[PDB]
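Let's start with one chain on its own, the form solved without ligand 3GP, as structure tokens.
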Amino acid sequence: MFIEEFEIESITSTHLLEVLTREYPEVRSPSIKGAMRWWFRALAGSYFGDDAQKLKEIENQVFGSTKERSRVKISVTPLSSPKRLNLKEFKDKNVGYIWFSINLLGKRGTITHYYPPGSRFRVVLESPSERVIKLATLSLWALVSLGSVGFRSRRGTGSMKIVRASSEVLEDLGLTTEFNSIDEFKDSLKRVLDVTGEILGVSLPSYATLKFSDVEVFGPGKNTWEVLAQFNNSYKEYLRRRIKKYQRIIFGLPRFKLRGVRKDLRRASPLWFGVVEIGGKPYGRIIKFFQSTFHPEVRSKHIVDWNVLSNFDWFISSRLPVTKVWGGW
């Protein structure tokens, strides 16, 4: 009867909007359970690579499926009450471009409440298996360290930290529940990678993995909002040039593209950002995922909703010092 308990807290505004996803598919809102499942695949996938079948076998074996029962029980209860949304916040805090979509739902009255910074959630993990509970906790560790939850969580919302926990698994693996330095961050990623392989037994994959990714930070800032504001200024200019670029490419004068001198030269990769706390201070966190599957920069929706890609890093790194935390490339 293994058991792991956590209290996590929102660092940035959190928007749990799974309800809206049925009518509006753009409104994707990863839950804690869902994001843990996602991050398990990124960890385990680092070792299975090509063998996508074997990955799905273990994933179902841990988290359950339609024909299966989960070997772990995950319980998530919010400890805070949702608070009233102030629409003045977007102009005031300089977050109006990265969180444009939230601002629009706000005005349309589609959402009225959210979970502000300081919102707390209890996460409890239970399993009969030691192998399973270790993998579950590693997943959650990864979700807090590199991920986030909710609507627009790839763009700074739903960044989390662990305020308190009782975890024999993290104790066993020599991991922490907070980062006191960037070096602790660097070392933990190596540890999480190294351990995950052992628990499972033991050529670029076609899906996102931890192993083949880049993690970077910048800061510290005065406060969280200042960090978010930096992302917003950068993204505004990124989007400005993006609009001009694709007006040319798609609707301008027809030109023949030239083949890259390097294979997959114009195949840029997904980029997520959010806020990580290091030494009690807020840092901007960026993660870039490199895999085999091609992901279009072009989507049949408004360009403001287009994914942020890895060529966005210039608009951060040209303006302030960036530290590499993990180099999969």
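One rule holds for the numbers: they count along the sequence shown, beginning at 1.
Separately, the form deposited with ligand 3GP bound exists; it is not shown, and the next lines address it.
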Ligand 3GP contact at residue 47 in the deposited bound form, heavy atom, 4.5 Å: no
With the partner left out of view, is residue 43 within 4.5 angstroms of ligand 3GP in the deposited bound form by any non-hydrogen atom? no
Can you tell me whether residue 27 touches ligand 3GP? I mean in the deposited bound form, with a 4.5 angstroms heavy atom cut-off. no
Against ligand 3GP in the deposited bound form, would residue 242 count as a contact residue? Criterion: heavy atoms within 4.5 Å. no
In this chain shown alone, the residue from 153, 145, 167, 127 with a heavy atom within 4.5 Å of ligand 3GP in the deposited bound form is 153
Heavy atom within 4.5 Å of ligand 3GP in the deposited bound form: which of 62, 35, 278, 286? 35
Among 47-55, 27-35, 62-70, 256-264, the stretch whose residues bring a heavy atom within 4.5 Å of ligand 3GP in the deposited bound form is 27-35
Checked 62-88 against ligand 3GP in the deposited bound form; residues with a heavy atom within 4.5 Å, sequence order, are none
